[PDB]
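First residue of the sequence shown: 102, per our numbering; consecutive thereafter.
Notes for the one structure printed next.
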Amino acid sequence: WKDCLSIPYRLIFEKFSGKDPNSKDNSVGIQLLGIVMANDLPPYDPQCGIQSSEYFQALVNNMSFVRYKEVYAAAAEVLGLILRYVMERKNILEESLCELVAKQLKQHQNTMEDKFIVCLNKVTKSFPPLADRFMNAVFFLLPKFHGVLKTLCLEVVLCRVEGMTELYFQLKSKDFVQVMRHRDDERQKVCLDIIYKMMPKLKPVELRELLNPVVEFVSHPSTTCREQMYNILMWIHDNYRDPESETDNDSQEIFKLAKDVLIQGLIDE
């Protein structure tokens, strides 16, 4: 349909703010505010009937209602796209706003650890920024939680990757020796999805140490996982196909492996 018809913030308000919930219902204003994100994000930018930072403070309180699995987490989606929106609409609040978001995560990942790692994944995944202040305290929990929270803790590190902690001196044992060797297809998927972007910052030493446990995916029933093992191997190949001569012998002998295990791709299931 034509134009945009920007909605009065009065409507939007009550639907996330009427009753501080003991209930599912208040995720209605959360859905709604998500729709003035959804349609290429028309003007939100509150003026009429209500004032900005309080409107957001009430909005961040929605992730406090931890009795119900769909209620609390949803707020951090809507709020993560506020950052995408206020970042790229560039609105002038953004400094003290970002300190309020940092303050909100810092009050409550301190006391609600899963629910606020999930929150730092709705932030970070839905728009990247906030985790920079925290990152030590995220790597912190990746060995404490298995399963879905393995994948979401990984997915925070992933979505906000900036090479934190010179990574192998955090990680050279701590995950990639054996969490890489650990079963669940989605865990393995996000895991190779980490591998596939760490490329430019690997030295040939760890590239040798890490390619070999990736070569293991030659066994794997998921073409969806195995493709990324190939995206990887293709990157290895193209970057370590032999120039004129090398000091770093692995920078053609990881290739002397890759240039074979690509052949071991050519037959596949």
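We put the beta carbon where it would ideally sit given N, CA and C, even for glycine.
Per-residue DSSP class, three states only, for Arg185: Within the sequence shown, numbered from 1, the residue matching residue 185 stands at position 84. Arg185 falls in the helix class under three-state DSSP.
Cα-Cα separation between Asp146 and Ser153, rounded to whole angstroms: Here residue 146 refers to the residue found at position 45 when the sequence shown is read from its first residue. Here residue 153 refers to the residue found at position 52 when the sequence shown is read from its first residue. Rounded to whole angstroms, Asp146 to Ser153 spans 8 angstroms at the Cα level.
Same chain only: Cβ atoms within 7 angstroms of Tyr169, ignoring 5 sequence neighbours per side: Residue 169 sits at position 68 when you count from the first residue of the sequence shown. These residues qualify, in order along the chain: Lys125.
Cβ-based neighbour list, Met330, same chain, cut-off 7 angstroms, excluding 5 preceding and 5 following: On the sequence shown, residue 330 is found 229 positions in, with the first residue counted as 1. Only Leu293, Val315 and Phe318 meet the Cβ criterion.
Counted within 10 angstroms of its Cβ, other Cβ atoms place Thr252 as buried (16 or more) or exposed: Position 151 of the sequence shown, counted from the first residue, corresponds to residue 252. It is buried - the Cβ of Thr252 has at least 16 other Cβ atoms within 10 Å.
CA-to-CA distance, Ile337 to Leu311, given in whole angstroms: Here residue 311 corresponds to residue number 210 of the sequence shown, with the count starting at 1. Here residue 337 corresponds to residue number 236 of the sequence shown, with the count starting at 1. Taking the straight line joining both Cα atoms gives about 12 angstroms.
Cβ distance (whole Å) where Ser227 is taken to contact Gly264 below 8 angstroms: Translated into positions along the sequence shown, residue 227 becomes position 126. Translated into positions along the sequence shown, residue 264 becomes position 163. The C-beta separation of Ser227 from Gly264 comes to about 22 angstroms, leaving the pair out of contact by the 8 angstroms criterion.
Between the CA atoms of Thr212 and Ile108 - distance to the nearest angstrom: Counting from one through the sequence shown, the residue named residue 108 turns up at place 7. Counting from one through the sequence shown, the residue named residue 212 turns up at place 111. When only Cα atoms are considered, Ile108 and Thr212 end up about 36 angstroms apart.
Residues near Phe356 in its chain [Cβ-Cβ closer than 8 angstroms; skip 5 each side]: Indexing the sequence shown from 1 puts residue 356 at position 255. Excluding sequence positions up to five before and after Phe356, its CB lies within less than 8 angstroms of the CB of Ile337, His338, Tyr341, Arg342 and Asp343, all in the same chain and listed in chain order.
Length of the line joining the Cα atoms of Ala159 and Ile368: In the sequence shown, the residue the question calls residue 159 occupies position 58. In the sequence shown, the residue the question calls residue 368 occupies position 267. Put simply, the backbone Cα of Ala159 is about 58 angstroms away from that of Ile368.
Candidates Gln208, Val280, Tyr156 and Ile183: closest to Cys254 by CA position: Here residue 254 corresponds to residue number 153 of the sequence shown, with the count starting at 1. Answer by Cα proximity: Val280.
Proximity below 9 angstroms, CB of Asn192 to CB of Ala176: Locating residue 192 in the sequence shown gives position 91, counting from the first residue. Locating residue 176 in the sequence shown gives position 75, counting from the first residue. No, Cβ-Cβ distance for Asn192 and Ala176 is not below 9 angstroms.
Cα-Cα separation, residue 380 to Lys304: Lying outside 102 to 370, the shown extent of the chain, residue 380 is not represented and no answer is given.
Assigned exposure category for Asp276 - 16 Cβ within 10 Å defines buried: Working through the sequence shown from its first residue, we reach residue 276 at position 175. Buried.
Beta-carbon proximity list for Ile151, same chain, < 8 angstroms, skipping 5 on both sides: Numbered from 1 along the sequence shown, position 50 holds the residue referred to as residue 151. The beta carbon of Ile151 sits closer than 8 angstroms to the beta carbons of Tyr110, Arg111 and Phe114 from its chain, once the five residues preceding and following it are set aside; these are given in chain order.
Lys360 versus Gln353: straight-line alpha-carbon distance, rounded: In the sequence shown, the residue the question calls residue 360 occupies position 259. In the sequence shown, the residue the question calls residue 353 occupies position 252. Between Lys360 and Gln353, the C-alpha separation is close to 10 angstroms.
Length of the line joining the Cα atoms of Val161 and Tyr173: Against the sequence shown, residue 161 aligns to sequence position 60. Against the sequence shown, residue 173 aligns to sequence position 72. The alpha-carbon separation between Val161 and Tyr173 amounts to approximately 9 angstroms.
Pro229 versus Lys223: straight-line alpha-carbon distance, rounded: Counted from its first residue, the sequence shown places residue 229 at position 128. Counted from its first residue, the sequence shown places residue 223 at position 122. Here the C-alpha atom of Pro229 lies approximately 9 angstroms from the C-alpha atom of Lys223.
Pairwise C-alpha distance: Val258 and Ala139: Working through the sequence shown from its first residue, we reach residue 139 at position 38. Working through the sequence shown from its first residue, we reach residue 258 at position 157. Roughly 26 angstroms between the two C-alpha positions.
Under 9 angstroms between C-beta atoms of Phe235 and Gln210: Taking the sequence shown and counting its residues from 1, one reaches residue 235 at position 134. Taking the sequence shown and counting its residues from 1, one reaches residue 210 at position 109. Yes, they are a contact pair.
Exposure label - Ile296; buried when at least 16 CB within 10 Å: As a first step, residue 296 must be located in the sequence shown, where it is residue number 195. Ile296 comes out buried.
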